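Numbering (the entry's author numbering), first residue to last: 9 to 379.
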Ligand SMILES: O[C@@H]1[C@@H](O)[C@H](O[C@@H]2CO[C@@H](O[C@@H]3CO[C@@H](O[C@@H]4CO[C@@H](O[C@@H]5CO[C@@H](O[C@@H]6CO[C@@H](O)[C@H](O)[C@H]6O)[C@H](O)[C@H]5O)[C@H](O)[C@H]4O)[C@H](O)[C@H]3O)[C@H](O)[C@H]2O)OC[C@H]1O
Ligand SMILES: [Cl-]
Ligand SMILES: [Cl-]
Ligand SMILES: [Zn+2]
Ligand SMILES: [Zn+2]
Ligand SMILES: [Zn+2]
Ligand SMILES: [Zn+2]
Ligand SMILES: [Zn+2]
Ligand SMILES: [Zn+2]
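Here is the structure:
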């Protein structure tokens with residue numbers, strides 16, 4: 009099956025249009041790249057901002073809201089009939105430092121006095137409510153799907169002990185959802201998003217958290233499974249079990265940030281795209297085959313599958329593509345083998361179904377067919 013230009017390959021979204029939307033994460037510069045634009049128009053019917061809707065991009069100083077970049081994505085989506093997801097109202101990263109300062113400018117996490125700690129909690133929660141309000145009041149009629157909180161459960165299966173949690177305890181999560189619902193109404197859909205959702209003890213900790221929140225009347229419509237995965241991990245069976253366990257709580261499931269890295273963890277990357285052996289693309293294609301068969305099997309539980317980029321020329325996974333060199337300067341990709349140095353974030357991953365030259369990969373063929 010040939011490596012043809014994607015720009016006129018059969019449309020991915022159309023393949024899946026009765027099963028779930030097909031989405032891409034974008035940067036605003038990509039809406040000014042002719043190829044990226046034609047890719048979005050051709051293959052995708054949902055869109056999300058990779059970065060420009062995060063807390064630090066939207067409100068970098070208190071009272072200073074930049075919606076200009078966010079607005080461009082929204083405008084594009086509307087003109088092209090795409091669904092929109094908002095990523096994300098609350099996170100422990102890419103979040104402005106000002107939220108967590110007390111009235112004297114000291115970090116709130118330092119405060120020892122209990123009455124002052126409680127005052128800081130209430131102040132933080134007010135600021136959270138104001139951030140959410142201002143965003144949802146602007147976008148509630150345009151944006152259907154909302155990542156209300158991102159990564160709030162730890163890999164150890166405890167709540168992530170971020171400043172949100174250290175300052176305000178569990179109530180930051182409830183307040184975020186209640187605020188979104190209050191200002192956005194009943195027709196926006198609210199998600200908790202996280203990675204390694206298939207993995208214990210994180211998975212059951214997420215499940216117990218959400219079950220309790222819903223029992224307490226916190227409005228949560230779904231779970232976002234970030235799905236930053238590898239060729240051989242996590243298994244499809246464990247993916248299935250995960251999706252099924254949340255759908256049994258009455259939750260929608262979205263595959264929100266899918267990419268299938270060529271590498272393991274921590275990754276030992278190739279230094280360039282050209283160095284990645286052909287067999288890796290085949291192994292990837294077979295993984296994508298199995299994965300999409302599974303998502304189809306579960307399509308009544310999955311409303312969207314979004315890729316965390318458009319094509320292999322641009323992926324956040326390059327920032328993790330560490331390149332290991334042996335004493336003779338040769339590249340090392342065997343996870344156990346000797347090496348002398350590492351160049352962090354200097355290599356190349358290849359996670360999508362579309363190549364860096366915008367031509368279709370074997371993974372594309374594997375998911376566009378009906379086998
Ligand atoms: O073998 C397993 C092993 O596999 C297992 O799991 C590891 C556990 O850790 C996982 O790592 C996670 C993956 O999820 C990450 O967060 C997601 C993804 O990234 C976010 O978007 C990116 C945010 O950063 C952006 O770059 C910014 C842009 O602006 C600049 O000004 C700024 O300076 C720059 O840094 C980038 O563009 C953007 O795409 C997304 O919002 C977020 O929600 C998380 O950070 C990371 O820790 C790993 O995936 C697993 O393999 O552990 C157990 C073993 O058994
Ligand atoms: Cl990126
Ligand atoms: Cl290529
Ligand atoms: Zn379309
Ligand atoms: Zn090259
Ligand atoms: Zn569906
Ligand atoms: Zn990017
Ligand atoms: Zn090519
Ligand atoms: Zn297939």
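Ideal Cβ placement from N, Cα and C applies to all residues, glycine included.
For the segment 65-131, list the alpha helix (DSSP H) runs that are entirely contained and at least 4 residues long, ordered along the chain.
76-87
N- and C-terminal bounds of the beta strand (DSSP E) containing residue 29:
29-34
How about the segment 157-171 and the segment 98-105: do they share at least three Cβ pairs that are nearer than 8 Å?
yes
If we require 3 or more residues per run, which beta strand (DSSP E) segments fall completely within the segment 119-198?
153-158
If you measure from the CB of residue 46, is any heavy atom of ligand 4 nearer than 7 Å?
no
On the three-state DSSP scale, how would you describe residue 12?
coil
Inter-residue Cα distance where the pair is residue 75 and residue 337
46 Å
I'd like to check one pair, residue 136 with residue 184: are the Cβ atoms closer than 8 Å?
yes
Can you tell which of 225, 194, 197, 231 has the C-alpha that lies nearest to the C-alpha of residue 211?
231
Which ranges would you report for the beta strand (DSSP E) in the segment 217-282 if only whole runs of at least 3 residues count?
230-233, 236-238, 260-269
Could you name the residues of the same chain whose beta carbon sits closer than 8 Å to that of residue 289, not counting the 5 residues immediately before and after it, in chain order?
358, 369, 370, 371
CB contact flag (residue 191, residue 141, <8 Å)
yes
Heavy atom of ligand 7 within 7 Å of residue 35 beta-carbon
yes
Whether residue 148 touches residue 89 by CB criterion (8 Å)
no
How would you label residue 341, buried or exposed, when you count the other beta carbons within 10 angstroms and need 16 or more for buried?
buried
Other residues of its chain near residue 19: CB distance less than 8 Å, five sequence neighbours each side excluded
50, 51
If you count every other CB in all the chains shown that lies within 10 Å of the CB of residue 22, and 16 or more means buried, which is it?
exposed
From 223, 195, 80, 363, pick the residue whose C-alpha is nearest to that of residue 154; which is it?
195
Assuming residue 33 and residue 314 form a contact by the criterion Cβ under 8 Å, report the distance between their Cβ atoms to the nearest whole angstrom.
7 Å
Is the segment 259-268 touching the segment 299-317 in the sense that three or more CB pairs, one from each, lie closer than 8 Å?
yes
Rounded to whole angstroms, what's the CA-CA distance from residue 335 to residue 205? Just pull it up for me.
39 Å
Only counting the same chain, and skipping five residues up and downstream in sequence, which positions put a Cβ closer than 8 Å to that of residue 221?
181, 182, 185, 228
Can you tell me whether residue 58 sits near ligand 2, meaning its C-beta is under 7 Å from at least one heavy atom of the ligand?
yes
Please report the residue range of the alpha helix (DSSP H) in which residue 45 lies.
42-51
With H, G and I counted as helix, E and B as strand and the rest as coil, what does DSSP make of residue 21?
helix
Report all residues for which the CB-ligand distance to some heavy atom of ligand 5 is below 5 Å; order them along the chain.
280, 282
Any residues whose CB sits closer than 6 Å to a heavy atom of ligand 8? List them in chain order?
11, 363, 365, 367
Alpha carbon to alpha carbon, how far is residue 360 from residue 329? Give it in angstroms, no decimals.
15 Å
Of all the options 71, 295, 348, 37, which has the alpha carbon lying nearest to the alpha carbon of residue 59?
37
Looking at the structure shown, is residue 307 part of a helix, part of a strand, or coil, going by DSSP?
coil
Excluding the five sequence neighbours on either side, which residues of its own chain have a C-beta within less than 8 Å of the C-beta of residue 187, listed in chain order?
136, 137, 140, 141, 144
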